[PDB]
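Below: one structure, written as structure tokens.
Every residue, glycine as well, gets a Cβ built from its backbone with ideal geometry; the counts of neighbours run over all protein chains shown. Just so you know, all these numbers are worked out from the coordinates, no wet-lab data involved.
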Amino acid sequence: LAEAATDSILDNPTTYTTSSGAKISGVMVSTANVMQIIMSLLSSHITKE
Amino acid sequence: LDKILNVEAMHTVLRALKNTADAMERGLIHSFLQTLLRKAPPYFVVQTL
Amino acid sequence: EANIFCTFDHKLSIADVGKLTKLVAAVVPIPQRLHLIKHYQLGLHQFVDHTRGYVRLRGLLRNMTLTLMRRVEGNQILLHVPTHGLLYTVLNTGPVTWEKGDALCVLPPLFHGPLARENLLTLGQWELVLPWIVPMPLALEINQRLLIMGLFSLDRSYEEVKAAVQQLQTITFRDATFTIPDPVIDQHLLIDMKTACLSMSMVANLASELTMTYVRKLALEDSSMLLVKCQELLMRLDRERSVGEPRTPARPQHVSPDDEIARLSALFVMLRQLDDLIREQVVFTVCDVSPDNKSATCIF
Amino acid sequence: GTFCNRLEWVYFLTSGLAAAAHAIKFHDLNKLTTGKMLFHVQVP
Amino acid sequence: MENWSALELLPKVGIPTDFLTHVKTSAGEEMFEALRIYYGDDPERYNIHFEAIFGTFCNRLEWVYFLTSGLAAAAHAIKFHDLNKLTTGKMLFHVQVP
């Protein structure tokens, strides 16, 4: 689902970078129920930063 | 060209001698393997014995 | 569009590219007028068929497209179609002399008589056969001669037409003798004979009554050498028509200038309709001829 | 809108496909007909 | 066939070529054995072809010997120069039983 979307034309690389130099490709959103299910499910690939 | 023919004669004699020695070595290995295999019983014979 | 790239499935050795590099500015036929073409349909080798009809090869060749051979470089050919109007150069191998002033046509090649059968390209079974480039009077001569061969030879046994065509197939044109290989009759040749008979029937019909008797008048007036031959021909045709004496002509009654204008204009229309069987349109108009008669510069 | 300015470039030797190749630049292929390598071998 | 490109391209030797008749008169009446005449500027000299013999490759055979192979581990390779003068080599063993 994530790599299916094409890129934007303009992308400021200074903006929306995290700590430790990691750069954001996109943002996804669900409701709280699906979010809690994913948080309990894929917690090894989740990081609060 | 006479020197070329002389060095070609020397090199075909040398190459034939080297190929003959290599064939002698391979034939010694082959004859030893034949004489080895002509007295080896199969596995089930010695495993039974 | 213009520059047409061809290829080869087989490799060329140094001999093959050597005999290809003397074929620059030679005209080759292409049936397709496409860009990425292949060498088996190049030339006439896919279309050549002995005992099939020379007139079939003639019609398909005059229907085929033409292009010029330039700049091989190894497994590439670079055919370039000549644009209409601009001066180009040509290089013919057909053993026929040329002229700085005449025009050209393109014909399927005949055997000259030495019978070389090597046009300096062969790939396995596949060979290259080049269409002969022929000056205009020889072109219309061979066209009219195959037309007489097709028109005469119907409903005749083999011996009389053989005695006709042993002297009819030979043409001596500017110290060069040519013979037609495959004169075999065609349904297309039958429709040429159909147009021929309808046109000569129409010029028989609407011709004036004075022109039907004009050569009798000039016979009674003047005696010239070509007139003597014409009187020989016409009186032999008359005695094959009628053993009676052909009467002298008197004052013609129906004299009318608009009548002659109308009937002779329709007559000229019908002679155009008959001549366009044999009169082929030109393909090359000579600007210059090389002194060894190998190459030329022609404006088309 | 704006132009399709996000174009990028690729090279041959940056690609690993050149590991299957032995790239050689030689300015006379148009004057070259064939390229042959002939091998001699005696058998043991 | 004589490649006239090799004549049109190689540097030649300057010679005051003097013969009594005209050039074309000697040419068309065939005093010589092979001619090559073009009346224009023939571009057939300009294109050159190769064959590109890149490399000739002999074989290097692997020089496998007896003692280089591990199969000689089961062998006890002795050299004995008078081998053709023997008939057979017998071996005797004497065992009394435990």
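The table below gives the values:
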{"quantity": "Residue that is more than 27 Å from C:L189 (Cβ to Cβ) and touching a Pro at 6+ places or on another chain (Cβ under 7 Å), where the choices are C:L68, C:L86, C:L20, C:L36", "calculated": "C:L68"}
{"quantity": "Checking C:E260 against (1) more than 21 Å from C:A204 (Cβ to Cβ); (2) in a helix (DSSP H, G or I), the condition it does not meet", "calculated": "(1)"}
{"quantity": "Count of residues meeting criterion [part of a loop (DSSP other than H, G, I, E, B) and within 14 Å of chain D (Cβ to nearest Cβ)] in segment E:23-78", "calculated": "15"}
{"quantity": "Where a residue in segment C:11-40 is part of a helix (DSSP H, G or I) and its partner, wherever it lies, is polar (S, T, N, Q), with Cβ under 8 Å and at least six apart", "calculated": "C:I14/D:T33; C:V17/D:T33; C:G18/E:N3"}
{"quantity": "Of all residues making up segment C:207-222, the number that are of a type outside the set (F, W, Y) and under 19 Å from C:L264 (Cα atoms)", "calculated": "8"}
{"quantity": "Test: residue in segment C:185-206 that is assigned to a loop (DSSP other than H, G, I, E, B) and closer than 30 Å to C:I261 by Cα", "calculated": "yes"}
{"quantity": "Selection within segment C:232-261 - within 14 Å of C:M212 (Cα to Cα) and under 31 Å from the mean Cα position of the chain (by Cα)", "calculated": "C:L234, C:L237"}
{"quantity": "Segment C:116-134, subset in a loop (DSSP other than H, G, I, E, B) and touching a residue at least 24 places away in the same chain (Cβ under 8 Å), residue surrounded by the most Cβ atoms within 10 Å (Cβ to Cβ)", "calculated": "C:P131"}
{"quantity": "Subset of segment E:8-22 [more than 14 Å from chain D (Cβ to nearest Cβ) and surrounded by 11 or more Cβ atoms within 10 Å (Cβ to Cβ)]", "calculated": "E:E8"}
{"quantity": "Chain B - residue that is of a type in the set (G, A, S) and surrounded by 10 or more Cβ atoms within 10 Å (Cβ to Cβ) and, of those, farthest from E:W63 (Cα to Cα)", "calculated": "B:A9"}
{"quantity": "Residues within segment C:91-115 that are closer than 16 Å to C:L61 by Cβ and either assigned to a strand (DSSP E or B) or in contact with a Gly (Cβ under 6 Å, 6 or more places away or on another chain) (or both), tallied", "calculated": "4"}
{"quantity": "Some residue of segment D:6-26 being of a type in the set (V, I, T) and within 26 Å of C:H10 (Cβ to Cβ)", "calculated": "yes"}
{"quantity": "Subset of segment C:222-254 [loosely packed, with under 10 Cβ neighbours inside 10 Å and not in a helix (DSSP H, G or I)]", "calculated": "C:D222, C:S242, C:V243, C:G244, C:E245, C:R247, C:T248, C:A250, C:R251, C:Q253, C:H254"}
{"quantity": "Qualifying residue in segment C:15-23 (condition: within 14 Å of chain E (Cβ to nearest Cβ), in contact with a helix residue (DSSP H, G or I) (Cβ under 9 Å, 6 or more places away or on another chain) and either buried (at least 19 other Cβ atoms within 10 Å of the Cβ) or hydroxyl-bearing (S, T, Y) (or both))", "calculated": "yes"}
{"quantity": "Pair list, Cβ < 7 Å and 6+ apart or interchain, from segment E:1-13 residues that are under 11 Å from C:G18 (Cα atoms) to residues that are part of a helix (DSSP H, G or I) and not polar (S, T, N, Q)", "calculated": "E:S5/E:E44; E:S5/E:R45"}
